[PDB]
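A.B. asks: Quick one: the structure is below, and I'll ask about it shortly.
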Amino acid sequence: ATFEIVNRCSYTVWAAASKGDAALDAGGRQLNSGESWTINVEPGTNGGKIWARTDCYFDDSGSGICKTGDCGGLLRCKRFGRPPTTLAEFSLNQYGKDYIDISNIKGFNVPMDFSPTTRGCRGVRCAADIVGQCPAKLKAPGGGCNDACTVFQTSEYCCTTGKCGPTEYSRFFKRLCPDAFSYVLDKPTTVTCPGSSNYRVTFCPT
């Protein structure tokens with residue numbers, strides 16, 4: 001499957017693509033404002049994620065640091081990134097279908113649209129000013145708006161027992177971005193697309 005990753009933000013982002021134990025394609029790249037990066041994702045990929053990283057510094061070897069979404073100091077991510085990170089999540093070719101969603105379960109850093117470029121389903125978006133409106137206890141100094149699990153590490157926020165409810169903090173994310181997951185047991189906002197669809201992830205869509 002082809003994913004086109006587009007940075008419409010006015011600032012540079014460092015896109016990342018991983019399935020948690022391996023890079024997807026090159027795993028990461030700098031995107032200046034307006035740039036587009038096309039990656040190929042193997043059919044059958046389960047549990048892939050794409051995200052943006054902000055305020056990164058990398059040396060010649062591709063080692064450094066980012067203020068949001070750092071993936072162990074690497075330009076080319078092999079593992080998932082440090083919150084806060086708005087996530088585009090996908091599982092491809094699962095019994096004939098692809099499944100896509102956007103998640104705020106690991107917080108929010110950059111607004112995002114995740115849409116198919118082929119026919120047969122709808123896209124999803126979270127483009128509200130979550131950082132600007134972020135509750136004071138969830139604000140991350142380096143930028144972004146953390147989820148409550150990251151901040152407080154309780155069974156209720158992290159849904160550790162598999163039983164949890166919405167919270168004041170999850171409802172904040174949900175009010176601003178209804179079509180994104182706000183906590184682990186949220187009513188799913190997953191979209192089912194035809195197997196072997198292609199996609200575009202746009203940072204700062206509006």
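Just remember, in the structure tokens the first chain shown is A, the second B, etc., residues are 1-based per chain, and ligands are 1-based in the order shown.
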Show me, as a PDB file with N, CA and C atoms, in the first residue's frame, the residues that have an atom within 8 Å of region 152-162 of chain A when counting only C-alpha atoms, minus same-chain residues fewer than 3 positions from it.
C.D. replies:
```pdb
ATOM      1  N   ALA A 148      -3.867  11.562  29.850  1.00  0.00           N
ATOM      2  CA  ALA A 148      -3.856  11.454  31.295  1.00  0.00           C
ATOM      3  C   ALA A 148      -3.115  10.201  31.767  1.00  0.00           C
ATOM      4  N   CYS A 149      -3.109   9.113  30.997  1.00  0.00           N
ATOM      5  CA  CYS A 149      -2.380   7.922  31.369  1.00  0.00           C
ATOM      6  C   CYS A 149      -0.881   8.221  31.468  1.00  0.00           C
ATOM      7  N   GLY A 165     -13.692   3.921  32.551  1.00  0.00           N
ATOM      8  CA  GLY A 165     -14.684   4.757  31.914  1.00  0.00           C
ATOM      9  C   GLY A 165     -14.028   6.008  31.356  1.00  0.00           C
ATOM     10  N   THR A 167     -13.195   9.973  31.345  1.00  0.00           N
ATOM     11  CA  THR A 167     -12.743  10.829  32.434  1.00  0.00           C
ATOM     12  C   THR A 167     -12.837  12.281  32.016  1.00  0.00           C
ATOM     13  N   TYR A 183      -9.764   7.451  24.748  1.00  0.00           N
ATOM     14  CA  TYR A 183      -9.281   6.573  25.813  1.00  0.00           C
ATOM     15  C   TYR A 183      -9.396   5.142  25.306  1.00  0.00           C
ATOM     16  N   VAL A 184      -8.866   4.182  26.057  1.00  0.00           N
ATOM     17  CA  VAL A 184      -8.681   2.843  25.482  1.00  0.00           C
ATOM     18  C   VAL A 184     -10.023   2.231  25.111  1.00  0.00           C
ATOM     19  N   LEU A 185     -11.068   2.398  25.928  1.00  0.00           N
ATOM     20  CA  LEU A 185     -12.332   1.713  25.718  1.00  0.00           C
ATOM     21  C   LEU A 185     -13.364   2.628  25.075  1.00  0.00           C
TER      22      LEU A 185
END
```
A.B. asks: Write out as JSON lines the residues of region 104-168 of chain A that have any atom within 10 Å of an atom of region 189-195 of chain A, one row each with the nearest atom pair and its distance in Å to one decimal, counting only C-alpha atoms, sorted by chain and then rising number.
C.D. replies:
```
{"residue": "A:115", "atom": "CA", "partner": "A:191", "partner_atom": "CA", "distance": 9.9}
{"residue": "A:116", "atom": "CA", "partner": "A:193", "partner_atom": "CA", "distance": 8.1}
{"residue": "A:118", "atom": "CA", "partner": "A:194", "partner_atom": "CA", "distance": 9.0}
{"residue": "A:119", "atom": "CA", "partner": "A:194", "partner_atom": "CA", "distance": 8.1}
{"residue": "A:120", "atom": "CA", "partner": "A:193", "partner_atom": "CA", "distance": 6.2}
{"residue": "A:121", "atom": "CA", "partner": "A:193", "partner_atom": "CA", "distance": 5.2}
{"residue": "A:122", "atom": "CA", "partner": "A:191", "partner_atom": "CA", "distance": 7.2}
{"residue": "A:123", "atom": "CA", "partner": "A:191", "partner_atom": "CA", "distance": 7.6}
{"residue": "A:124", "atom": "CA", "partner": "A:191", "partner_atom": "CA", "distance": 8.0}
```
A.B. asks: Those selected residues, please, written with N, CA and C atoms and delivered as a JSON list (two decimals), in the first residue's frame.
C.D. replies:
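Result file selection.json:
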```
[["chain", "number", "residue", "atom", "x", "y", "z"],
["A", 115, "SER", "N", -6.81, 10.01, 5.27],
["A", 115, "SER", "CA", -7.86, 9.78, 4.28],
["A", 115, "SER", "C", -7.36, 8.78, 3.26],
["A", 116, "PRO", "N", -8.27, 7.94, 2.71],
["A", 116, "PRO", "CA", -7.91, 7.13, 1.56],
["A", 116, "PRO", "C", -7.77, 8.00, 0.33],
["A", 118, "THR", "N", -7.87, 6.11, -2.54],
["A", 118, "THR", "CA", -8.66, 5.21, -3.39],
["A", 118, "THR", "C", -10.11, 5.19, -2.90],
["A", 119, "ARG", "N", -10.99, 4.47, -3.62],
["A", 119, "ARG", "CA", -12.42, 4.57, -3.39],
["A", 119, "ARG", "C", -12.89, 3.65, -2.26],
["A", 120, "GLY", "N", -14.01, 3.99, -1.61],
["A", 120, "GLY", "CA", -14.72, 2.96, -0.86],
["A", 120, "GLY", "C", -14.85, 3.18, 0.64],
["A", 121, "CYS", "N", -14.33, 4.30, 1.16],
["A", 121, "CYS", "CA", -14.47, 4.63, 2.57],
["A", 121, "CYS", "C", -14.17, 6.13, 2.73],
["A", 122, "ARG", "N", -14.35, 6.59, 3.97],
["A", 122, "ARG", "CA", -14.20, 7.99, 4.34],
["A", 122, "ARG", "C", -12.88, 8.15, 5.10],
["A", 123, "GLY", "N", -12.44, 9.39, 5.22],
["A", 123, "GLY", "CA", -11.28, 9.68, 6.03],
["A", 123, "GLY", "C", -11.71, 10.13, 7.42],
["A", 124, "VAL", "N", -10.72, 10.35, 8.27],
["A", 124, "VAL", "CA", -10.96, 10.89, 9.60],
["A", 124, "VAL", "C", -9.99, 12.04, 9.84]]
```
A.B. asks: Write down as a PyMOL selection string the residues of region 53-203 of chain A whose backbone DSSP state falls under alpha helix (DSSP H).
C.D. replies: chain A and resi 130-133+148-152+155-158+168-176
A.B. asks: When you look at region 87-89 of chain A with a cut-off of 6 Å (counting only C-alpha atoms), what residues show up, excluding the ones that are within fewer than 2 positions of it in the same chain? I need them as a list in words.
C.D. replies: residues 48, 49, 50, 51, 85, 100, 101, 102 and 103 of chain A
A.B. asks: Applying 8 Å and only C-alpha atoms, which residues near residue 6 (chain A) remain after dropping the ones on its own chain fewer than 2 positions away? List them as a VMD selection string.
C.D. replies: chain A and resid 4 8 31 34 to 37 200 to 203
A.B. asks: Separation of CA of residue 169 (chain A) and CA of residue 66 (chain A), in Å?
C.D. replies: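 Separation between CA of residue 169 (chain A) and CA of residue 66 (chain A): 25.0 Å.
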A.B. asks: Would you mind reading off the distance between CA of residue 173 (chain A) and CA of residue 141 (chain A), one decimal, in Å?
C.D. replies: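 CA of residue 141 (chain A) lies at a distance of 18.4 Å from CA of residue 173 (chain A).
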A.B. asks: Taking only C-alpha atoms into account, which of A:3, A:95, A:58, A:14 comes nearest residue 39 (chain A)?
C.D. replies: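 Once distances to residue 39 (chain A) are computed over only C-alpha atoms, the minimum belongs to A:3.
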A.B. asks: Can you pull out the residues contacting region 125-137 of chain A? Cut-off 8 Å, using only C-alpha atoms, and skip same-chain residues under 5 positions away; I want them as number ranges by chain.
C.D. replies: A: 102, 108-109, 111-114, 143-145, 169, 173, 176-180, 204-206
A.B. asks: What's around residue 72 (chain A) at 9 Å? Count only C-alpha atoms, leave out sequence neighbours fewer than 4 positions away in its own chain, and write the answer as an mmCIF file with C-alpha atoms, in the first residue's frame.
C.D. replies:
```
data_model
loop_
_atom_site.group_PDB
_atom_site.id
_atom_site.type_symbol
_atom_site.label_atom_id
_atom_site.label_comp_id
_atom_site.auth_asym_id
_atom_site.auth_seq_id
_atom_site.Cartn_x
_atom_site.Cartn_y
_atom_site.Cartn_z
ATOM 1 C CA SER A 63 20.918 10.341 15.920
ATOM 2 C CA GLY A 64 19.515 13.130 18.028
ATOM 3 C CA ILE A 65 16.408 14.193 19.886
ATOM 4 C CA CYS A 77 12.227 5.130 13.732
ATOM 5 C CA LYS A 78 12.137 1.399 14.522
ATOM 6 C CA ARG A 79 9.888 1.791 17.556
ATOM 7 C CA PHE A 80 6.953 3.972 18.571
ATOM 8 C CA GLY A 81 7.489 7.485 19.744
ATOM 9 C CA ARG A 82 7.288 9.224 23.083
#
```
A.B. asks: With distances taken over only C-alpha atoms, which of A:76, A:67, A:97, A:175 is nearest to residue 16 (chain A)?
C.D. replies: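 Closest to residue 16 (chain A), using only C-alpha atoms: A:76.
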A.B. asks: Between CA of residue 10 (chain A) and CA of residue 52 (chain A), what is the spacing in Å?
C.D. replies: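 That distance, rounded to one decimal, is 13.4 Å.
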A.B. asks: Rank nothing, just name the residue among A:61, A:54, A:45, A:30 nearest to residue 94 (chain A), using only C-alpha atoms.
C.D. replies: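 The shortest atom-to-atom distance to residue 94 (chain A) comes from A:45.
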